[PDB]
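The chain below stands alone and is given as structure tokens, in the form deposited in one PDB entry.
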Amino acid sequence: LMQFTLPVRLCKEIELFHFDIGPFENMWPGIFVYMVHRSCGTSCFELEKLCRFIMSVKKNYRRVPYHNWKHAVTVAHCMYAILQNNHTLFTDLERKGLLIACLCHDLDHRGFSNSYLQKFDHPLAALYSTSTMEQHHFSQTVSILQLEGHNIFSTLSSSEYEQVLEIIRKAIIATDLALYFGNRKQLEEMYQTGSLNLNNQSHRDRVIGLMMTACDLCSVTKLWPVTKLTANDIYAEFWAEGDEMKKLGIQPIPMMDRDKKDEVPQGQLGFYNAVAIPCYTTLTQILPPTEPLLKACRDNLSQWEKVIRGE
């Protein structure tokens, strides 16, 4: 009987795809719990275990410009919006597991790509050949679940528990952008040839993978002032990695070179054309109520074209 409520403006705004969670860090746990309750009921988690899990997850996010606690909660909110707009499509286990996956998808990120770990010869690159950081994020998730008082899935049978951790694992692995290209191409073809079947677990996994990409890229679907300021954080990370590449004696790609800041607007165009528009396009074909994400993405592309033309 202990509901969560948000002030009127947030209560209304949080149902929308383009919601910004605000600068008050101390409200984000309350926002997450609010979203879990409206997404799978007040019963599905023990409130004292859930709060303990959230604070341990927060502790294990680092103070990096972009891949921080704020990103985690932004990505979870976008999944909440997708689940609330496609209510009857997903199971009780998928709903429970996917919000947790989004909150944990970047645990212990230091602000470096898999590519820099490979070139630095980091121990995580020996432990994990592909999806280095994403296999690490899932390891960290399992660690926090195994702390005393943190098992939020305590009332799930052994079958259910293994199912929910396999959803979480695949959801987190899918946030490796290198895997997105193949996954989206295969979903496009299954849709065009009419073979896509949401009763096939194999096709379901691909669809959840695309949802995870969409949630992870969702900064490109905000209102222009939020999109434009988040790009400052994204490039702060990229340029830091560029600097570390130069210390290994490797020329960074231009995107990561802080000496080529002039090329940013043209580079965003590339990304919107090559990644973001194709992602939300294919997602809207499979889940029509996610149209607003595609609309907002197109809006922001047109804003970057105005920046290139000095408007």
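When you see a residue number, it is the position in the sequence shown, counting from 1. Between two forms, the rigid core is the largest collection of C-alphas that superpose within 1.5 Å.
A.B. asks: Return whichever of 82 to 90 and 204 to 212 has the greater mean Cα B factor according to the PDB record.
C.D. replies: The recorded data point to 82 to 90.
A.B. asks: Using only C-alpha atoms and the B-factors in the entry, which stretch averages higher, 183 to 191 or 134 to 142?
C.D. replies: Between 134 to 142 and 183 to 191, it is 183 to 191 that shows the higher mean C-alpha B-factor.
A.B. asks: Check the PDB entry and point out which of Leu127, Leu229, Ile168, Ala236 has the largest C-alpha temperature factor.
C.D. replies: Highest CA B-factor of the listed options: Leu127.
A.B. asks: Just grab whichever of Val33, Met55, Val264, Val64 has the top CA B-factor as deposited.
C.D. replies: Highest CA B-factor of the listed options: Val264.
A.B. asks: Select lowest, middle or highest to describe the third in which the CA B-factor of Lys96 falls within its chain in this entry.
C.D. replies: Highest third.
A.B. asks: Considering only modelled residues of the same chain, in which third does the CA B-factor of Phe45 rank: lowest, middle or highest?
C.D. replies: Highest third - that is where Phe45 ends up once the chain's C-alpha B-factors are sorted.
A.B. asks: Which third of the chain does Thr281 land in by C-alpha B-factor: lowest, middle or highest?
C.D. replies: For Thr281, the deposited C-alpha B-factor lands in the middle third.
A.B. asks: How does the C-alpha B factor of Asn273 compare with the rest of the chain: lowest, middle or highest third?
C.D. replies: Ranked within chain, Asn273 CA B lands in the lowest tercile.
A.B. asks: Of the three thirds of its chain by CA temperature factor, lowest, middle or highest, which one includes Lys70?
C.D. replies: Its C-alpha B-factor belongs to the lowest third of this chain's values.
This protein has a second form, the form deposited in another entry, left out of what is shown; the following refers to that one.
A.B. asks: Which single residue of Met55, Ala274, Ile250, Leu47, after superposing the core, moves its CA by 2 Å or more between the shown form and the other one?
C.D. replies: If I go through the list carefully, the shifting residue is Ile250.
A.B. asks: Once you line up the core, how about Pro288: does its CA shift reach 2 Å between the shown form and the other one?
C.D. replies: After core superposition, the C-alpha of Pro288 moves less than 2 Å between the shown form and the other one.
A.B. asks: Tell me whether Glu25 is among the residues that move between the shown form and the other one (Cα shift of 2 angstroms or more, core superposed).
C.D. replies: Indeed, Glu25 is displaced by 2 Å or more.
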